[PDB]
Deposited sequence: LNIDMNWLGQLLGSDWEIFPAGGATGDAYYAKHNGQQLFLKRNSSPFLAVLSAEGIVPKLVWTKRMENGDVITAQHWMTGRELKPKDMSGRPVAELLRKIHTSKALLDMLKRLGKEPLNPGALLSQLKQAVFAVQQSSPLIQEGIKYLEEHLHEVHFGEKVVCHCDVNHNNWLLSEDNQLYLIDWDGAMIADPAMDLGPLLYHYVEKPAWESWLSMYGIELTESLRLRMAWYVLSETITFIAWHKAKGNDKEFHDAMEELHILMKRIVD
């Protein structure tokens, strides 16, 4: 059976799908990671060293942007790995990159405000859910922050890559939003770092564990958990497991 993949280059290259439009490509000992219609964001991710660096780009006759990247050799990070200095430093580099911020803006991205976000929580809802949305409305007064930055928004450990060359990368940048840094820092510390270590983690990151941070973080991790159960209402398997994860999260925040 033919594989619908003849937009290409060189017949001496193995090509097969590998998230998104991801195909690998092999010839001699050179592997590439190829993507169809990637965002102009990718150029800045490569220049900043966040993802494996670009190798070439070709604009198709239709106008498809085909990009080749170094194919990284290594492994995903395990949850045990998420407390290392390198994870905190790379996340700090994303959160302070004015060049990444500049691209997202040029691409027409809304600064993401907890106001409009809490409104989007339209869920249909168990009793624990009702008390959850209470906590979010009765703390909106304290979840403000003026300096919005690039956030990746799915900082799950499987999106972190580690190379045999001692390079660390963070990938999958479709949910990139302009938002409060807490929107990433919260889910990361809550899920993978024991709270006696939070202040030392944030010191590697380069941020003091202030009291607006404790509230902002708890707000968005709770907000994240509720918007995830919401999603499984369209499925019915991980919906009954998220609730148990929300139950524990609720206990930690009074």
| remark: Residues of the deposited chain that carry no C-alpha coordinates are 9 to 11, 22 to 24, 130 to 135, 247 to 248, 269
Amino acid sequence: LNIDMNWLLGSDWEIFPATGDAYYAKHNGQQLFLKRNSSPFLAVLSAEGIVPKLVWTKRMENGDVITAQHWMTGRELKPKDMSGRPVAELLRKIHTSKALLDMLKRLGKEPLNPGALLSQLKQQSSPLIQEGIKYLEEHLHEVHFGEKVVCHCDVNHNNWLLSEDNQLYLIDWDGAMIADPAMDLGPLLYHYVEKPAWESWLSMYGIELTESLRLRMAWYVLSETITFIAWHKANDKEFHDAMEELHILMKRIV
From here on, numbers count along this sequence of modelled residues.
| task | Averaging the C-alpha B factors as listed in the entry, name the stretch that ends up higher: 180 to 188 or 127 to 135. | result | 127 to 135
| field | 192 to 200 or 40 to 48, whichever carries the higher mean Cα B-factor | value | 192 to 200
| Among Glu76, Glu164, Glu142, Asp81 - the residue whose C-alpha B-factor is largest in the record | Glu142
| field | Third assignment of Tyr220 from its chain's C-alpha B-factors | value | middle
| Where the record places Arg92 (Cα B-factor, split into thirds across the chain) | lowest
| field | Chain-relative CA temperature factor third for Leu121 | value | highest
| remark: Quick tally, chain-level thirds of C-alpha B-factors: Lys58 sits in the middle
| note | Chain-relative C-alpha B factor for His27 (record values, thirds): the highest
